[PDB]
Amino acid sequence: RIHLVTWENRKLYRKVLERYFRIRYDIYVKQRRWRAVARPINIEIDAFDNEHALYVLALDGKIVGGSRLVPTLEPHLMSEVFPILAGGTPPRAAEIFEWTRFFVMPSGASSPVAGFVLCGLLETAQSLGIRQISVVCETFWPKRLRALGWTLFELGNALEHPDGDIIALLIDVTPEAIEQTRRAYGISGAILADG
């Protein structure tokens with residue numbers, strides 16, 4: 001199930017968040033991803049992990065995948081690091097949040113966990129009146145996401161690097177995108193823990 005962790009419920013979710021920041025150490029620091037900062041303790045945390053962050057976490061209590069949303073009216077990765085990808089002016093609106101830190105844990109084999117996370121992201125954004133989601137992602141993502149039902153707009157030129165090519169996208173959060181995604185991964189029950 002997809003759980004929405006915010007500033008307001010961070011104390012209820014304190015053990016999940018402590019595991020979540022340790023997991024980011026395993027994923028981002030331990031496999032030496034671009035710009036991950038090594039901390040003196042085994043967590044990974046960046047300038048965008050503050051009171052304005054939203055954590056969309058796939059649980060079962062073990063974390064199996066997730067993502068992070070930041071209000072585009074606040075400083076965000078595309079605004080502070082990659083504004084060149086959106087022509088120097090990333091999209092910024094109350095209605096618009098930036099997606100960062102998409103991950104799926106290895107275990108999670110032939111599992112729709114990815115499905116559960118991607119569908120859960122759109123459903124959480126729906127529920128909050130986030131109408132679009134901005135993202136900096138590898139240049140292979142738009143094909144995959146336009147195969148699941150997503151309507152999205154490239155915001156610029158790809159930035160080519162020997163270690164990976166990246167691009168900025170603006171994603172519509174549509175009832176349709178949601179349906180086709182569920183269909184692509186064929187799962188049924190409730191996904192969000194709404195209560």
Side-chain angles (χ1 to χ4, degrees), residues 1-31 33-59 61-83 85-86 90-105 113-114 116-138 141 145 152 155 166 168-173 191-195:
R1 295 289 180 273
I2 299 288
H3 295 236
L4 169 58
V5 192
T6 71
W7 190 249
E8 286 193 306
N9 65 355
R10 76 189 190 279
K11 289 194 170 198
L12 181 71
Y13 280 97
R14 67 174 170 107
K15 281 189 278 161
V16 165
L17 285 163
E18 278 160 13
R19 290 196 310 273
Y20 167 69
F21 284 111
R22 294 204 212 330
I23 287 173
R24 282 182 53 184
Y25 161 84
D26 298 329
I27 287 170
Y28 295 96
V29 168
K30 211 185 85 229
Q31 82 204 204
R33 302 213 188 163
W34 196 85
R35 275 191 62 267
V37 172
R39 302 309 186 156
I41 58 168
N42 284 1
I43 62 163
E44 186 281 323
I45 188 173
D46 76 7
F48 310 121
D49 294 301
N50 66 14
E51 67 270 27
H52 296 294
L54 316 178
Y55 304 96
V56 189
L57 301 185
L59 302 197
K62 201 208 213 73
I63 289 148
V64 302
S67 23
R68 182 177 64 167
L69 285 172
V70 178
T72 54
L73 290 180
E74 290 297 322
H76 62 280
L77 183 69
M78 201 190 299
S79 84
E80 298 313 291
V81 185
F82 294 110
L85 293 173
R92 308 193 80 166
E95 344 245 279
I96 301 190
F97 276 50
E98 175 196 55
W99 184 20
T100 49
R101 303 316 194 90
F102 171 80
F103 66 100
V104 185
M105 303 294 290
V113 168
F116 271 84
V117 178
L118 286 170
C119 203
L121 185 71
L122 296 176
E123 281 189 50
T124 308
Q126 183 104 99
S127 75
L128 291 178
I130 309 196
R131 309 266 296 278
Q132 301 171 309
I133 294 148
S134 63
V135 65
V136 179
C137 59
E138 283 202 82
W141 271 103
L145 288 179
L152 62 87
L155 289 168
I166 62 166
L169 271 22
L170 184 63
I171 291 151
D172 296 342
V173 182
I191 305 187
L192 310 179
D194 273 321

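If you read the sequence from its start, that first residue is 1, and numbering goes on from there. Computation of the quantities below employed the complete heavy-atom set of this structure, encompassing side-chain atoms and omitting hydrogens, waters and symmetry-equivalent molecules.
Atom CD of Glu8 has 12 or fewer neighbouring heavy atoms from other residues, nucleotides or ligands inside a 6.0 Å radius. The environment of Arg14 atom CZ is sparse: at most 12 non-hydrogen atoms of other residues, nucleotides or ligands sit within 6.0 angstrom.
Using a 4.5 Å cut-off on side-chain heavy atoms (C-beta onward), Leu155 and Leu169 make no contact. Counting only heavy atoms from C-beta outward, the side chains of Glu44 and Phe21 never approach each other to under 4.5 Å. Contact of the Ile171 side chain with the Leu145 side chain is registered, since non-hydrogen atoms from C-beta on lie closer than 4.5 Å. The side-chain heavy atoms of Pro71 and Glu98, taken from C-beta on, include no pair separated by under 4.5 Å. Two residues are said to be in side-chain contact when any heavy atoms from C-beta on lie closer than 4.5 Å; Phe103 and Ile23 meet this criterion. In this structure, the side chains of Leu192 and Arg1 stay at 4.5 Å or more apart for every pair of heavy atoms. In this structure the side chain of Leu69 reaches within 4.5 angstrom of the side chain of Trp99, judged on heavy atoms. Inter-residue side-chain proximity for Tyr25 and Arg39 is flagged as unmet; no heavy-atom pair is nearer than 4.5 Å.
Interatomic distance, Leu170 CG to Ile133 CD1, rounded to the nearest 0.5 Å: 9.0 Å. Once rounded to the nearest 0.5 Å, the distance linking CD of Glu123 with CD of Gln126 reads 8.0 Å. The line from CD of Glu80 to CZ of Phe48 is 5.5 Å long, rounded to the nearest 0.5 Å.
When all heavy atoms of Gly66 and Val117 are compared, the pair lying nearest together is O-CG1, 3.5 Å. Nearest approach of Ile63 to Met105, heavy atoms of both residues: O-CG, 3.6 Å. The shortest non-hydrogen separation linking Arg92 to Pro75 is NH2-N, 3.7 Å. Considering all non-hydrogen atoms of both residues, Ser67 and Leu121 come closest at OG-CD1, 3.8 Å. Pairing each heavy atom of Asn9 with each of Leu4, the nearest pair is ND2-O, 3.0 Å.
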Distance-only check: which donor-acceptor pairs under 3.5 Å involve side-chain atoms of residues 49-57, not counting sequence neighbours?
from: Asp49; atom 1: OD1; to: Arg24; atom 2: NH1; distance (Å): 2.9
from: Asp49; atom 1: OD1; to: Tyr55; atom 2: OH; distance (Å): 2.7
from: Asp49; atom 1: OD1; to: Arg68; atom 2: NH1; distance (Å): 2.9
from: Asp49; atom 1: OD2; to: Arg24; atom 2: NH1; distance (Å): 3.4
from: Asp49; atom 1: OD2; to: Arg24; atom 2: NH2; distance (Å): 2.8
from: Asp49; atom 1: OD2; to: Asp46; atom 2: N; distance (Å): 2.9
from: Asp49; atom 1: OD2; to: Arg68; atom 2: NH1; distance (Å): 3.2
from: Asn50; atom 1: OD1; to: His52; atom 2: N; distance (Å): 2.9

Exercise for the section: Output, in order, the C-alpha distance, side-chain angles, deciding distance and verdict of ring pair (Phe, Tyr, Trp, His ring centres under 6.0 Å) for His3 and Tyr13. Expected result: CA-CA 10 Å; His3 295 236; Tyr13 280 97; 5.8 Å; yes

Handout entry: Worked verdict on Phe82 versus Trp34 for ring pair (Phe, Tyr, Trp, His ring centres under 6.0 Å)
Key = CA-CA 13 Å; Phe82 294 110; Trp34 196 85; 5.7 Å; yes

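The side-chain hydrogen bond (donor to acceptor under 3.5 Å, both in side chains) test applied to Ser127 returns no partner, not counting sequence neighbours. Listed by chain and number, the residues in a salt bridge (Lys or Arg N to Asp or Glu O under 4.0 Å) with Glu95 are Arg131 (sequence neighbours excluded).
Under the side-chain contact (heavy atoms from CB on, under 4.5 Å) test applied with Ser134, the options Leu152, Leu77, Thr72 reduce to a single match, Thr72.
In this structure a side-chain-to-backbone donor-acceptor pair under 3.5 Å is missing from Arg22 to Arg19.
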